[PDB]
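Read through the structure below, which is laid out as structure tokens, and then see the notes.
Hydrogens, waters and symmetry mates play no part in the numbers below; they use all other heavy atoms, side chains included. Letters A, B, ... mirror the listed sequences (proteins, then strands); counts begin at 1.
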Amino acid sequence: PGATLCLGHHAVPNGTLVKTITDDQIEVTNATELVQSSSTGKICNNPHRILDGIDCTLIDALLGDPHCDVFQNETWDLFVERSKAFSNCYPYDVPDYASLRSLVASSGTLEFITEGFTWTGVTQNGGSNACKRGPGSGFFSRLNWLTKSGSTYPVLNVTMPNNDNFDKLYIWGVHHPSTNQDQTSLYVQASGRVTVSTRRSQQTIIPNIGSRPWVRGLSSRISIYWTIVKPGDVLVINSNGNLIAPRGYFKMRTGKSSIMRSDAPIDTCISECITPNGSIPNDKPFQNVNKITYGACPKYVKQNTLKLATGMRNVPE
Amino acid sequence: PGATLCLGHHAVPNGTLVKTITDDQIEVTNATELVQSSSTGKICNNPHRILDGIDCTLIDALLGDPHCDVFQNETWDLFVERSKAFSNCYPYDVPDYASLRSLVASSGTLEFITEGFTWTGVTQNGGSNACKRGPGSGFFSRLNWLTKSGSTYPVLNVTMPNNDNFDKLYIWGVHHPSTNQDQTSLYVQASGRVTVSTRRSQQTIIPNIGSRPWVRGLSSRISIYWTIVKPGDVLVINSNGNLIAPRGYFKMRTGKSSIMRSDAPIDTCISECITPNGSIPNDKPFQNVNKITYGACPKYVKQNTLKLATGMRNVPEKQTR
Amino acid sequence: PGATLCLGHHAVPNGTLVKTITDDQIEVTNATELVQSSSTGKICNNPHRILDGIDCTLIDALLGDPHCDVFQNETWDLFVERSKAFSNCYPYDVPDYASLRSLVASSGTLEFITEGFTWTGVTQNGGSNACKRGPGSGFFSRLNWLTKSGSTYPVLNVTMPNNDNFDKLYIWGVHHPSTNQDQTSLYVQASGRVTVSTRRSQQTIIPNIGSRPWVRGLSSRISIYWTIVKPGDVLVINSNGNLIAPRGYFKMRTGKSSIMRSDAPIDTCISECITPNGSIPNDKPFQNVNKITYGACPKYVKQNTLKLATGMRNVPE
Ligand SMILES: *[C@@H]1O[C@H](CO)[C@@H](O[C@@H]2O[C@H](CO)[C@@H](O[C@@H]3O[C@H](CO[C@H]4O[C@H](CO)[C@@H](O)[C@H](O)[C@@H]4O)[C@@H](O)[C@H](O[C@H]4O[C@H](CO)[C@@H](O)[C@H](O)[C@@H]4O)[C@@H]3O)[C@H](O)[C@H]2NC(C)=O)[C@H](O)[C@H]1NC(C)=O
Ligand SMILES: *[C@@H]1O[C@H](CO)[C@@H](O[C@@H]2O[C@H](CO)[C@@H](O[C@@H]3O[C@H](CO[C@H]4O[C@H](CO)[C@@H](O)[C@H](O)[C@@H]4O)[C@@H](O)[C@H](O[C@H]4O[C@H](CO)[C@@H](O)[C@H](O)[C@@H]4O)[C@@H]3O)[C@H](O)[C@H]2NC(C)=O)[C@H](O)[C@H]1NC(C)=O
Ligand SMILES: CC(=O)N[C@@H]1[C@@H](O)[C@H](O[C@@H]2O[C@H](CO[C@]3(C(=O)O)C[C@H](O)[C@@H](NC(C)=O)[C@H]([C@H](O)[C@H](O)CO)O3)[C@H](O)[C@H](O)[C@H]2O)[C@@H](CO)O[C@H]1O
Ligand SMILES: CC(=O)N[C@@H]1[C@@H](O)[C@H](O[C@@H]2O[C@H](CO[C@]3(C(=O)O)C[C@H](O)[C@@H](NC(C)=O)[C@H]([C@H](O)[C@H](O)CO)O3)[C@H](O)[C@H](O)[C@H]2O)[C@@H](CO)O[C@H]1O
Ligand SMILES: *[C@@H]1O[C@H](CO)[C@@H](O[C@@H]2O[C@H](CO)[C@@H](O[C@@H]3O[C@H](CO)[C@@H](O)[C@H](O)[C@@H]3O)[C@H](O)[C@H]2NC(C)=O)[C@H](O)[C@H]1NC(C)=O
Ligand SMILES: *[C@@H]1O[C@H](CO)[C@@H](O[C@@H]2O[C@H](CO)[C@@H](O[C@@H]3O[C@H](CO)[C@@H](O)[C@H](O)[C@@H]3O)[C@H](O)[C@H]2NC(C)=O)[C@H](O)[C@H]1NC(C)=O
Ligand SMILES: CC(=O)N[C@H]1[C@H]([C@H](O)[C@H](O)CO)O[C@@](OC[C@H]2O[C@@H](O)[C@H](O)[C@@H](O)[C@H]2O)(C(=O)O)C[C@@H]1O
Ligand SMILES: *[C@@H]1O[C@H](CO)[C@@H](O[C@@H]2O[C@H](CO)[C@@H](O)[C@H](O)[C@H]2NC(C)=O)[C@H](O)[C@H]1NC(C)=O
Ligand SMILES: *[C@@H]1O[C@H](CO)[C@@H](O[C@@H]2O[C@H](CO)[C@@H](O)[C@H](O)[C@H]2NC(C)=O)[C@H](O)[C@H]1NC(C)=O
Ligand SMILES: *[C@@H]1O[C@H](CO)[C@@H](O[C@@H]2O[C@H](CO)[C@@H](O)[C@H](O)[C@H]2NC(C)=O)[C@H](O)[C@H]1NC(C)=O
Ligand SMILES: *[C@@H]1O[C@H](CO)[C@@H](O)[C@H](O)[C@H]1NC(C)=O
Ligand SMILES: *[C@@H]1O[C@H](CO)[C@@H](O)[C@H](O)[C@H]1NC(C)=O
Ligand SMILES: *[C@@H]1O[C@H](CO)[C@@H](O)[C@H](O)[C@H]1NC(C)=O
Ligand SMILES: *[C@@H]1O[C@H](CO)[C@@H](O)[C@H](O)[C@H]1NC(C)=O
């Protein structure tokens, strides 16, 4: 009178399909998802310092558009620019806008240090009704619009050495008048010139008189440029007209800072990974939410699902 | 007297060598090639719309070099530029030629819409014997060479708003005269200026008088620039001399369009994948024909062969010879 | 009284840890290192031709800064630029410095061929005490500083066709005077212009008068430009002032040549792979020494060690 001893394994009534070397679909007892495909829709305000630009681009906060004055000296790990942002100061362009935005974003600070530039024989603090600050005309807070004093605008020739142990970022510009009358009325000379240099490098910009499209009452424009001055080097600014002068420099840093375009609201929560769609968990190695990310994130892939088998082959009965 | 039952497997007289984790070469019963290494030498005319440039670069077709007039308003999935292409109009350069070529190639169309620009106090439709159109002097079809009327060239100041819901591409230029006599003779003012702007952006170009190498009779040149005007924005052109004016705009699109340099002839066949060497099949995952491709193509690799084993190890009977 | 026959395998007392699919660390009898993590600290002078720049950047050797005259017509597989290099001639900048440095580095030669440019009505061979040669003033050896003859500087208009079967590299420049007095004193015309062209392309540079920081006595500058002329094409140079003229061309090659920034000393040894830290062996497939390499090198990875198991699982007694 014997006995039977059967060896076996478990099964489940409803298995999951996975891919292998030999099968595009085969059933196993269990699997887990490796692609993060959803977001909360919200950017968590920890553990990264999130700075909401609201109505302001980083560049407008940098220049000091009056409605962006609240951003003076701000810092961030991630600056968030909104699609509703608008400019409301002198109409301007930045040749290589993208590079200036990038280098400031990456620096992570708008810390500004005022310097005592001496502008001999010119009028300082020019403004416009296109850039109101309170009820009266105004200007970008970090820039100093120089014009004639009496009936002359002399050749400006000034210096600022960098005797600190950090890099200085200087933002400056050039005014493009609408007419010859505007040019001579403001700067006396019929044609201006701005040359900004360090020991190693230089930029010279010739203004261009003429009409651009009307923006906030003006066919004139300002063009924005930048110059980095390293320790031991020196800034020199040289102009006989049309200079939009720096008031000082921005302190530069290196680190983890960046910038992102997103309309996702900011919320009080914790998430290492941020996308423009909102924060996403980072327990999974891959994600299909957005190729734009910031922080400790799963890697972006095209697949919306990939199943890692966590059990044996499911052979039901 | 019992019986013997032997288990076994097949072998074949002619195996193939494959690579594994442990072996650089080991013999299996069969294998299949994963690298496409040959082409027909011909570009198949389907399923993609292939436009043969023949004697014309895309840029010459865009500007409207007379021998390229047949390309007016053309469209393509793949524009094919030939090594025999030549220019035969006013000598010109395009700063950032590569970008203009790229953005037009990618747009996939030369559809041109003429606009009623008003050029007050200048002579229109200037031409050159370097750019013959029929028996007489001519010019790029899409550009309008403005010069003095009587003894004056006034400050030109014109606008064109974009009230459409698509982007407009404007092509314009600046004429560089050979001498001061040429400059004043054509434009009166001793030095010209072209400023083209939108709300957001602006380009100002100062012409430069002097000799460049003689091309079709001329040491002068034209430089070509472009400006995209989005819906709701406006073009403004401002000049007191040397303007080579747009006659209108090109309609821009987005899609699958591109451009390829190839001398391969175009033939009647069907192939998703195109290389400069000709079309190639796409049944294999890899290819070693050319890193330049267009369409549904195998991925370019350096190996000219890679064998995927499709059978077991091939073990012939121990050899008595 | 029968017998026992035990099958077994070897072990060692002290095994090595490797990583697998299932284990972060598991012990095997032996393994071999796949990441090269050390260097000698020295650059081997074979089998690649190493040219030590010493006190000279490649660009200064190219222009012919006097202390770099020893590099005239030199060749290299790898030009090594040292952090102690300095400039000691007219102060200058190169817009797109990085591209000029790259294309020269890649050409692998400073072979210079003098051409008989005819400069009618100007004074040739201008120099400066910022660029001393012998007891007197001097200049970049490969450039010809043109100034007025008598009371005129005429429109210069010269041509040079390329009837060779190689590309010609022309280096030229533009002088930026410190003052209007300097400009008219040297060139007569109040504003200069340099136009350098080939059949298909052209560059025009307007000089900019004004002060830059003092370097070796000077607030003036030279800006350096280049033009490649292919076989069958032709150079034209046209100027009414401020031209720093080429004396000829550099003969261009294509091949394996490059440039590296390193302070590692050069030694007599053999190594295919060079990093800025020094030469490294290339018996391993990966390396963690430096992402900058030249020659037959292991691929750069972030891991400092990766162990390929060369034996079975170690199960000691
Ligand atoms: C600034 O300096 C330059 C260089 O000296 C001058 O440019 C030259 O000017 C002359 C005169 O216009 C040009 O001569 C013409 O050459 C043509 C042949 O061209 C081919 O070969 C040359 C090489 O020698 C290539 O440059 C060119 O690309 C072609 O491959 C001839 O076809 C012309 O002949 C016709 O015109 C002349 C009248 O000028 C008649 O005698 C003939 O019968 C015929 O009708 C002509 O000989 C020369 O090509 C120019 N060279 C270059 C490199 O550009 C500028 O003119 C000068 N500027 C000023 C203001 O002085
Ligand atoms: C536009 O504005 C600028 C700024 O004022 C002017 O440029 C300055 O010009 C002055 C006078 O020409 C320059 O002065 C010279 O500086 C030399 C180097 O200075 C640097 O290095 C020394 C150490 O070697 C440091 O101590 C110093 O901080 C600097 O970093 C000096 O070596 C020169 O010395 C000579 O003169 C002095 C007289 O005071 C004597 O004691 C010496 O023995 C010697 O003879 C001299 O002082 C100055 O460097 C310029 N600065 C800059 C930033 O460029 C322009 O001149 C002006 N433009 C116009 C058109 O006017
Ligand atoms: C200084 C002054 O009041 N000048 C009178 C001009 O206002 C006037 O021209 C017109 O200007 C209008 C906008 O003007 C401002 C502005 O931007 O708000 C006024 C600013 O004070 C002035 N700032 C400075 C430093 O001068 C500024 C500046 O000149 C321009 O922005 C430079 O491009 O102009 C508006 O554009 C009107 O359409 C226009 O008529 C002139 C001519 O009427 O008279 C001046 O007395
Ligand atoms: C209008 C005219 O006929 N002017 C005479 C010039 O032809 C002549 O200069 C000669 O020009 C030759 C080539 O000339 C054209 C051309 O490009 O084909 C003729 C065109 O009609 C003219 N177009 C316009 C709108 O003016 C064009 C233009 O001026 C230049 O291309 C601009 O740079 O020139 C060739 O270059 C000869 O070498 C040259 O002598 C002058 C001087 O002799 O006399 C004029 O009567
Ligand atoms: C060159 O031509 C352009 C285009 O015609 C001129 O620009 C236009 O200038 C006028 C005023 O001179 C602008 O009109 C203004 O519009 C506002 C509302 O938008 C209105 O409230 C004002 O009363 C005023 O009429 C017009 O917008 C502007 N056009 C564009 C496209 O910007 C330019 O002034 C001409 N310049 C010269 C010197 O001829
Ligand atoms: C062992 O592997 C080889 C491939 O390395 C096999 O030969 C290939 O077989 C395929 C599919 O059976 C053949 O495709 C056919 O080609 C004809 C035209 O030639 C076409 O009309 C059919 O519709 C079909 O696509 C292919 O020709 C052939 N390729 C080569 C390079 O030989 C072989 O069949 C395998 N043998 C065994 C015994 O498994
Ligand atoms: C070809 C030539 O003119 N060489 C001059 C040179 C140039 O005029 C100058 O570099 C152009 O910018 O100037 C040299 O002078 C330097 C010296 O000039 C004095 O006038 C002034 O007192 C000083 O401040 C200083 O600039 C030079 O060495 O560069 C002389 C040279 O012969
Ligand atoms: C995250 O946001 C991106 C960017 O808007 C979304 O991508 C868009 O969504 C659909 C297809 O998914 C398209 O109609 C758009 O053209 C896409 N734009 C881009 C730039 O890719 C994405 O779907 C969002 N993902 C999640 C999970 O919310
Ligand atoms: C496809 O064309 C490429 C490019 O023309 C061929 O590779 C070139 O072959 C030339 C000589 O014929 C060599 O000197 C170069 O090494 C190659 N050029 C480049 C740019 O890589 C290639 O062999 C062709 N392939 C086939 C299958 O025809
Ligand atoms: C080779 O040289 C590089 C560059 O000088 C060394 O990298 C530095 O070392 C540590 C990381 O190990 C960092 O803190 C530094 O910031 C690194 N510098 C840079 C520029 O990355 C590297 O360690 C050297 N390696 C060896 C083996 O000598
Ligand atoms: C699948 O994954 C884990 C087990 O590691 C667990 O969360 C879940 O209950 C499992 N499901 C099934 C059906 O086994
Ligand atoms: C910016 O930086 C410092 C504060 O640490 C100071 O110099 C300056 O007053 C600050 N400005 C503002 C507006 O906070
Ligand atoms: C190009 O297209 C437009 C409208 O789509 C048309 O008005 C124009 O005449 C066309 N030109 C040619 C040459 O077909
Ligand atoms: C360990 O493996 C390497 C590579 O095969 C070999 O050179 C070395 O001698 C081996 N050492 C031992 C102790 O087996």
inquiry  = Would you say that more than 12 heavy atoms from the other residues, nucleotides or ligands in this model lie under 6.0 Å from the CD of A:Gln181, or not?
reply    = no
inquiry  = I need the A:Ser211 OG to B:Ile237 CD1 distance, nearest 0.5 Å.
reply    = 13.0 Å
query = Does any heavy atom of chain B fall under 4.5 Å from the side chain of A:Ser223, the backbone, both, or neither of them?
reply = side chain
query = Are more than 12 heavy atoms from other residues, nucleotides or ligands located less than 6.0 Å from atom CZ of A:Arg261?
reply = no
message = Give me the atom names and distance for the closest heavy-atom approach of A:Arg221 to B:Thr198.
response = NH2-O, 4.0 Å
query = Tell me, do A:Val215 and B:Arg199 make a side-chain contact under 4.5 Å, heavy atoms counted?
reply = yes
message = Can you tell me if B:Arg101 has over 12 outside heavy atoms packed within less than 6.0 Å of its CZ?
response = yes
inquiry  = Please classify the contact between A:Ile209 and chain B as side chain, backbone, both or neither, with a heavy-atom cut-off of under 4.5 Å.
reply    = backbone
request  = Let me know which of B:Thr159, B:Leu235, B:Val236 forms a side chain to side chain contact (heavy atoms under 4.5 Å, CB included) with A:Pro213.
outcome  = B:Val236
key: Residues A:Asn208 and B:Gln202: side-chain donor-acceptor under 3.5 angstrom   = no
Within 6.0 angstrom of B:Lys284 NZ, more than 12 heavy atoms from elsewhere = yes
